[PDB]
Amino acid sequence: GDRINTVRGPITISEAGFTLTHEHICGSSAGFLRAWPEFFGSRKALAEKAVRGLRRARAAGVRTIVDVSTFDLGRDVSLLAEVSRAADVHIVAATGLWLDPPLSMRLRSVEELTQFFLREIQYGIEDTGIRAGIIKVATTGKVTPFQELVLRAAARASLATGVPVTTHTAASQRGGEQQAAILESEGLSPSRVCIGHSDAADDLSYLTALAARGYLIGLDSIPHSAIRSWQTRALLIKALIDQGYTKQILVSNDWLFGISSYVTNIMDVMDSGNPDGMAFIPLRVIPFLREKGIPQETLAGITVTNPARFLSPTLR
């Protein structure tokens, strides 16, 4: 407690400011940006596009992003440090595993995965020293055996360091419920867990029941509807406020500036559907919520206070 690790070193919690808690510089695969940078035009072209997009978001009020790219999403932390410095936006890096682990991860025990997540939080990522400030885990269906090991290793690393856990779900399958059961079996407090992609939920009662248990609800992919409207997703934010669960809400774009882990040219399709990029939350969602009558203090709580509480390393 008192400081959050970022790609340019520790910051105090008051420095984080407006924080987008689920974003990516680049959605890729381990080793890929280094082995084939011209897939993105060039490494310099991707960095320049990410710096302009982050400066765009900064001019709309954002001061920090949490890049929830794991090892297997190709998360290159040296790129994050470079674009963080050039944009003057803090970036929190992640450990954990997403949905494309290679064999060298897939064959590991829970104890081995715990030591890997442990290494990225406590020592540093690769040979850069940059330490992770969050653990990202993805699951599908009812949670596969390997995904259950990842959740348990994540809980273990969280309990030893205080850094929170954030998840990838299918809300339409109520996937947070299985995640929550596994993480609680490990002794992890719900207040150290964000159940992500909860904006895609059709069932408000699924979200209300997780919030009432203390989970953070990641309404984190609002503009993916702009490519069910985005205003319908944003109304889940108002619904949880009106139910008294403002403190449980985290809002983000889930944007990216380059994508190789999908069909070629998807980034162009996405950018034409959401030209605001990571500024979509502050330029479109926040004004929409204001016009629906949500007061300033509540919107500042969601965008500043809740991420600060969530990211502050806590064992209390």
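Numbers for residues come from their place in the sequence shown, where the first is 1.
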Q: Using what the record says, work out whether there is a hole in the model between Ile227 and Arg228 and how many deposited residues it spans (none, 1 to 3, 4 to 9, 10 or more).
A: 10 or more
Q) Which of the two stretches, 81-89 or 194-202, shows the higher mean Cα temperature factor in the record? A) 194-202
Q. For the C-alpha atoms alone, is the average B factor greater in 140-148 or in 111-119, going by the entry?
A. 140-148
Q) Reading the B-factor column of the entry, which of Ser189, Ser158, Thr95, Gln173 has the highest value at its C-alpha atom? A) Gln173
Q) From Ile25, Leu20, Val304, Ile294, can you pick the one with the highest C-alpha B factor in the entry? A) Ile294
(Q) Going by the CA temperature factor in the PDB record, which third of the chain does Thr246 belong to: lowest, middle or highest? (A) middle
Q) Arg106's Cα B-factor: lowest, middle or highest third of the chain? A) middle
(Q) Per the entry's values, where does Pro223 land by CA temperature factor relative to the rest of its chain, in the lowest, middle or highest third? (A) highest
Q: Pull the Cα B-factor of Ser260 out of the PDB entry and bin it into the chain's lowest, middle or highest third.
A: middle
Q) Once the chain's modelled residues are ordered by C-alpha B factor and cut into thirds, is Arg63 in the lowest, middle or highest one? A) lowest
